[PDB]
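Protein sequence lines correspond, in order, to chains R, g, 1, B and P. For the first sequence, PDB author numbering assigns the number 2 to the initial residue and increments by one for each residue that follows. For the second sequence, PDB author numbering assigns the number 2 to the initial residue and increments by one for each residue that follows. For the third sequence, PDB author numbering assigns the number 54 to the initial residue and increments by one for each residue that follows. For the fourth sequence, PDB author numbering assigns the number 2 to the initial residue and increments by one for each residue that follows. For the fifth sequence, PDB author numbering assigns the number 2 to the initial residue and increments by one for each residue that follows. What follows is one structure encoded as structure tokens, with my remarks underneath.
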Amino acid sequence: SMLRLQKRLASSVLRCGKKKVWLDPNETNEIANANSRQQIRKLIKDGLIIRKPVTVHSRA
Amino acid sequence: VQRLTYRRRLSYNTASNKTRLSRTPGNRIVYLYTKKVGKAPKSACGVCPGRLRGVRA
Amino acid sequence: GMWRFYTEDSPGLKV
Amino acid sequence: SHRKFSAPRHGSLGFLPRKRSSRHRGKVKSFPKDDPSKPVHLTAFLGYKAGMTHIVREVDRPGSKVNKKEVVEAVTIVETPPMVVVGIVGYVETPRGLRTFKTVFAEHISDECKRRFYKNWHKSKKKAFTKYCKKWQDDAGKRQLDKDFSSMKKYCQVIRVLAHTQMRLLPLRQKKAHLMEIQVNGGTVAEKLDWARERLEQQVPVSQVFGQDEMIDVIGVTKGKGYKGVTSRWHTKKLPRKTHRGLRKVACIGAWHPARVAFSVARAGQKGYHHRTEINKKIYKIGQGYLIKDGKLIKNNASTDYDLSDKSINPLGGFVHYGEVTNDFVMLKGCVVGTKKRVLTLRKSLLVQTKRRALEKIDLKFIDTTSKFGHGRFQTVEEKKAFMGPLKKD
Amino acid sequence: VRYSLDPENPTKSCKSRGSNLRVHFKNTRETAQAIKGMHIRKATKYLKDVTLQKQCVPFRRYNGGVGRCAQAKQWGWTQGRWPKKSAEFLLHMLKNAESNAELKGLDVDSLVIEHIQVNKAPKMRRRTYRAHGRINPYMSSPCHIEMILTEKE
RNA sequence: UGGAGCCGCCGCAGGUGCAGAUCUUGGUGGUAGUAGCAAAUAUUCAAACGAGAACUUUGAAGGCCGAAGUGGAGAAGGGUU
RNA sequence: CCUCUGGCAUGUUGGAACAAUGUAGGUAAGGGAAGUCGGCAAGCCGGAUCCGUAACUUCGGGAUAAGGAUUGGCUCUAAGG
RNA sequence: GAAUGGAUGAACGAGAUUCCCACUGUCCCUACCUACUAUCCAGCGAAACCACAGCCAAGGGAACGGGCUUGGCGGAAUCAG
RNA sequence: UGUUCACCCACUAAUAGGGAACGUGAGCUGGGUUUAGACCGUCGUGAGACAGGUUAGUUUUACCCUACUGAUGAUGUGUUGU
Ligand SMILES: [Mg+2]
Ligand SMILES: [Mg+2]
Ligand SMILES: [Mg+2]
Ligand SMILES: [Mg+2]
Ligand SMILES: [Mg+2]
Ligand SMILES: [Mg+2]
Ligand SMILES: [Mg+2]
Ligand SMILES: [Mg+2]
Ligand SMILES: [Mg+2]
Ligand SMILES: [Mg+2]
Ligand SMILES: [Mg+2]
Ligand SMILES: [Mg+2]
Ligand SMILES: [Mg+2]
Ligand SMILES: [Mg+2]
Ligand SMILES: [Mg+2]
Ligand SMILES: [Mg+2]
Ligand SMILES: [Mg+2]
Ligand SMILES: [Mg+2]
Ligand SMILES: [Mg+2]
Ligand SMILES: [Mg+2]
Ligand SMILES: [Mg+2]
Ligand SMILES: [Mg+2]
Ligand SMILES: [Mg+2]
Ligand SMILES: [Mg+2]
Ligand SMILES: [Mg+2]
Ligand SMILES: [Mg+2]
Ligand SMILES: [Mg+2]
Ligand SMILES: [Mg+2]
Ligand SMILES: [Mg+2]
Ligand SMILES: [Mg+2]
Ligand SMILES: [Mg+2]
């Protein structure tokens, strides 16, 4: 529906970008009732929101 | 690479606002503000350019 | 009001 | 004050309203003068510019620096399959002008032709001339038809024949044969009109109208170049680099006081697609089309007495933006107005042609058949194949 | 209220208006003239076509700078456009009317749009910034519309 | 049409008659559905929400700023943004 | 110039076409300043190494004067702690 | 024309000239290509200006007229220029 | 040469002369006149002056009417096409 709150909070909870934040686009409703963090922390342990990896930049 | 910010509102580099890096337990390079380097006392005799001994500078 | 010209332009100069 | 440094004017006023032609197909604006003496014949024909090529030939104007030297020479090919005469049409002279008088049409008319009497054949029931051709199969009509002719036999001064192209035979996409009036100049009006009556529903091929080494006049509409600026249009001078509002202009339109601008001043408008009447295009060759007796006779086209190969004028990989010219064709020296696929009206000259150059007979040593879709270097596949050898696609 | 122009047999005629609507008066006007006189089931089809550019609206009065389109030939005019807002606005006004006929008990599919009037409504205003610190007006020019349908088959 | 006051005569009084003053204030046209919404390479596919999506959000792809940054932090200024 | 961290949605819109005029970039046979007030504009030149550098001079300079040569890829050798 | 400085003079100069070499679309003599425009559409949407207006020849006239005279003549509504 | 003008080279058939708000700056350029800076000379006690020399110096707007160029159309011919 609208999630920017939940992408911020995620970011500051992971301590990553927000680029790096990924939200499971299927399980959205569950995400949209994460009006706090700690709520999000739950969602991170359950595997809906997730920290992406770094975009590789090899030195090879 | 982890860059960093001033921990206090003094934005300008100045004699006051002097710093050093510390790593921490939490593992993030943080800035610490240092103290100024005080000098050891000079001789009363005037002529001697050396600063005194056994005196915590 | 619209600009027209600089005050040293004095358009139709015919000294 | 006057113009310091004279120059001629840019362009010619005698061509203007430089406007997009009203017609597509080039009108014969004036046929030549009939006389009496010389047998009836058409004065013009209708073609389709396929493309171009070189020709090589000996050249016999004594006096030149090229006398009995071979030259190369440009030509156009004009795909010109035989016409069908469908109608006739009498013109009466008057003090007003030359009023059209009495138009007969044939019994049958091809769909090729009937297309042209509709904007939209897909939609049309195709009912044109249905109730007319009735005339050709009863007594009453057939009598009126004779009276309609015999009236023209008395009155009319000028009789042209209507014909149409055989669009069928061209590679071109359109099916709508161009119609045309083509003038019959020859003997008396009766004789004239009898000749046309014999020719009705009938073929009329190119050779019948034009002969080789004959100066003709091409008429056709120019290659069209959209809106254009005064510079490409009128070939006025480009203004110089520093020029604050535009440099592909004409600085001053007019002087002050006849304080309108004139028609004679160079403005920007339609470039090209004008109607144009070129003259004096010789005919270096008239080719017979393809045909059969047991196998094909493709050879006869681009072949010469000094080549004697088996070439068609069709270059390798077809005429570009056209197709294979399978039919008979005329090979004018030089360019002709207008573009590939364009309906090109050939015409016999208005003019007594009596010049060394305009009577020279042509004998071609070589017609260049090399591809036009890249720097072609092979005349024909047979030759290429031998030169290269076999390939990986075998 | 008082509409301009009373219908000849109020009994079997329906009404609909909408005051102070934020649509281009000039576009709206013209399409509202185009629409005039049609059977309602035609006009709903027309305005649909306009919205899709399958039929134009001839701009006749307010036609300056307004280009040419083939589609205007039908109408017998060279200018024409596809005022999508206008259409969509009087596609509603036909809908409300059709409704009003349906509540009054008229054979909807016998209606004919007998009177349709656009009108200048009081302008909104806002501004635009220009060169050399000037400020100019930037005005919406909305329109009252009104119309009267009628059973005629 | 409107909905509460107004006039004729004899006298008295005047801040008493407008087309203009680049007049003052307000309002309105033509211009005109015009000029315009062209500085800094870039958007696309799906899904959600929703009356309604070129623009919102989510995912994917392609892109840019390219650590003297289109990143993170402050001073002055703002004053709840 | 290209990239990672981080950030963005092309800077107040979209779509279709690709005419003239423009604005910003390019390229041009042969000639090479004839253009023009005037080489304006653009174009040549350009980095490093090795040579090689005039008049004149306040002896500091002039000087990257001028003028020439080389430069990629790969496989080795030798020299420097 | 002599510290109202006279005469010089290396080095320097977004300074004023002149010429040469190279260089080039400056030019002969113009053409092609790219991007943003203009164009057309959806949405939005100003301004300056405006006695009335708006085809010419000549005439006379405040001695160069859209209007007047006498002639020429005159055909809706518009688009890009 | 900023020039109009002039002069000279070269070719040429000839290198005739003139007009159009001394045609033509919302066509350009702006080299010259003709602001403001400054230099010289002469003049002036001086501020300053100089058809005496020098150098530096913002060239705006069309989307209206017309005119012109191109482009749709228009009235008639019953309607349409040739
Ligand atoms: Mg302090
Ligand atoms: Mg001690
Ligand atoms: Mg002359
Ligand atoms: Mg300029
Ligand atoms: Mg070719
Ligand atoms: Mg426009
Ligand atoms: Mg602005
Ligand atoms: Mg300001
Ligand atoms: Mg009351
Ligand atoms: Mg009073
Ligand atoms: Mg008044
Ligand atoms: Mg517009
Ligand atoms: Mg970049
Ligand atoms: Mg921040
Ligand atoms: Mg910042
Ligand atoms: Mg962009
Ligand atoms: Mg955008
Ligand atoms: Mg912004
Ligand atoms: Mg060149
Ligand atoms: Mg010169
Ligand atoms: Mg010259
Ligand atoms: Mg330069
Ligand atoms: Mg030197
Ligand atoms: Mg002196
Ligand atoms: Mg003196
Ligand atoms: Mg006047
Ligand atoms: Mg003059
Ligand atoms: Mg002018
Ligand atoms: Mg100007
Ligand atoms: Mg000057
Ligand atoms: Mg000065």
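Cβ coordinates follow ideal geometry from the N, Cα and C atoms, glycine included.
Practice problem: Taking 8 Å as the cut-off, decide whether the C-beta atoms of residue 91 (chain B) and residue 134 (chain B) are in contact. | Solution: no
Quiz item: Quick one: is residue 145 (chain P) near chain 1, going by C-beta distance under 8 Å?
Solution: no
Quiz item: What residue range is occupied by the uninterrupted alpha helix (DSSP H) comprising residue 145 (chain B)?
Solution: 140-155
Quiz item: Relative to chain 1, which residues along the segment 121-148 of chain P have a C-beta separation below 8 Å, given in chain order?
Solution: 132, 133 and 135
Quiz prompt | Complete beta strand (DSSP E) runs within the segment 317-377 of chain B (minimum length 3 residues, chain order) | solution = 330-334, 344-349 and 365-368
Quiz prompt | Stretch pair the segment 257-266 of chain B + the segment 205-220 of chain B: three plus CB contacts closer than 8 Å | solution = no
Quiz item: Would DSSP call residue 97 (chain P) helix, strand or coil?
Solution: helix
Exercise. Using 7 Å as the cut-off, classify the Cβ of residue 12 (chain g) as near or not near the heavy atoms of ligand 1, replying yes or no.
Key: no
Quiz item: Within 10 angstroms of its Cβ, does residue 316 (chain B) collect 16 or more other Cβ (buried), or is it exposed?
Solution: buried
Quiz item: Sorted by chain position, which residues of the same chain lie with C-beta nearer than 7 Å to residue 319 (chain B)'s C-beta, five sequence neighbours on each side aside?
Solution: 325
Quiz prompt | Inter-residue Cα distance where the pair is residue 313 (chain B) and residue 15 (chain B) | solution = 41 Å
Quiz item: Looking at C-beta atoms only, is the number of pairs between the segment 34-51 of chain P and the segment 109-126 of chain P that lie closer than 8 Å three or more?
Solution: yes
Quiz item: For residue 15 (chain P), does the three-state DSSP call read helix, strand or coil?
Solution: strand
Self-check item: Distance between beta carbons of residue 45 (chain B) and residue 210 (chain B), contact taken as under 8 Å
Solution: 7 Å
Quiz item: Where do the N-terminal and C-terminal ends of the beta strand (DSSP E) with residue 24 (chain R) fall, by residue?
Solution: 22-24
Self-check item: Contact set, ligand 5 heavy atom to C-beta under 7 Å
Solution: 321 (chain B), 373 (chain B) and 374 (chain B)
Practice problem: Examine ligand 8 and report whether any of its heavy atoms sits within less than 7 Å of the Cβ of residue 134 (chain P). | Solution: yes
Exercise. Throw me the rounded Cβ distance for the residue 21 (chain R) and residue 53 (chain R) pair, which I believe falls under 8 Å.
Key: 5 Å
Exercise. Check residue 135 (chain B) in the structure and name its three-state DSSP category.
Key: helix
Exercise. Report buried or exposed for residue 49 (chain g), applying the criterion of at least 16 other Cβ atoms within 10 angstroms of its Cβ.
Key: exposed
Exercise. Could you have a look at residue 102 (chain B) and say whether DSSP puts it in helix, strand or coil?
Key: strand
Practice problem: Report the option in 347 (chain B), 369 (chain B) and 306 (chain B) whose CA atom is closest to the CA atom of residue 27 (chain B). | Solution: 347 (chain B)
Quiz item: Taking buried to mean at least 16 other C-beta atoms within 10 Å of its own C-beta, is residue 54 (chain P) buried or exposed?
Solution: exposed
Quiz item: For residue 164 (chain B), which three-state DSSP category applies?
Solution: strand
Exercise. Could you give the DSSP three-state label for residue 29 (chain P): helix, strand or coil?
Key: helix
Exercise. Evaluate the contact criterion for the segment 14-27 of chain P versus the segment 134-149 of chain P: three or more CB pairs, one atom per stretch, below 8 Å.
Key: yes
Self-check item: Unbroken beta strand (DSSP E) run spanning residue 23 (chain g), endpoints
Solution: 20-23
Exercise. Kindly indicate which residue of 297 (chain B), 147 (chain B) and 340 (chain B) has the alpha-carbon position closest to the one of residue 80 (chain B).
Key: 340 (chain B)
Quiz item: With C-beta atoms as the reference, is residue 67 (chain P) less than 8 Å away from residue 80 (chain P)?
Solution: yes
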